[PDB]
Structures are given as structure tokens and as C-alpha cells.
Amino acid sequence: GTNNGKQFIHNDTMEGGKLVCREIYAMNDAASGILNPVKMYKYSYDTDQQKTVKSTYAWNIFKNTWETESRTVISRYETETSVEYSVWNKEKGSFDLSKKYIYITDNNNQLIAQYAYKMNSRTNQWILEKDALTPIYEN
């Protein structure tokens, strides 16, 4: 970003009008001008179950391969959207639930309330971090 002085560019792959892959690059050499891969997002849609899965991969510079970094599951329930963010646990071979977000709108798509949670790894229960009504609904 602007504050850290690091520039990135992306390349999107579309399929049937939807984004299925987004690859992130950075320019790390001028003797070549080659854009180096940094991150890759893969999107898995399921219209019937109203669920989108975004899988994130990070470029492993030692192995020169992609490695599983995280997973975001977006579930739609009309006025309610639930987002679960999980981190890949390398030495477990599974995804650990980390953050959860809930967005509630009215029937006109105006946000009513937003909630954020962080997973307590000791108790396996979500900790509330944020809960706020928007000014129009604050009444």
C-alpha cells in the first residue's frame, strides 16, 4: 500500500460472468520486469446453497509453489450475511476458525447492524469484538 510503499497488481480469471481466480503480483526486479506471484484467490460459488468459498494461497519462495493460507466462507440468508474466516494450520492439516462477521440489512439493503467475533481457541467459543447499529437504525 501507500503507507508501506509496496505496490501490487492483480489478474482476474472470469467464468460464466463470475470471478473464479484472482492472482496478486509484485514487481521485484528491473533487470527482468517480471511480475512475481505473491497471492492467489480461488472462488467456489454455490447459488443453490447461497454459499461462496474463497480459498487463499501464498507463494512459497523456498519451494516455488502455492501453499494454503486461509479460507473465507460467505453464507447468504437474504437480510443476513455470515462470513467465517479460517486460517490453515500447517502442523494439523486443517483450517482453524479465526474470525466471524455478521451483516444484517433491512429489505432495501440498508445495513441495520454489523457484528465481528474472534475465536477463543481455549474454549472453542466466539468472542464478540464489535456490535454496532448504523445511525439511520440507531433509533
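Residues carry their position along the shown sequence, with the first being 1.
Across the two stretches, 1-9 and 128-136, the PDB entry reports the greater mean Cα temperature factor for 1-9.
59-67 and 88-96 differ in mean CA B-factor, and the higher of the two is recorded for 88-96.
Highest C-alpha temperature factor among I102, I74, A31, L111 per the entry: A31.
For the set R122, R22, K18, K118, the maximum C-alpha B-factor listed in the entry falls on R122. Compared with the other modelled residues of the chain, the Cα B-factor recorded for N36 ranks in the highest third.
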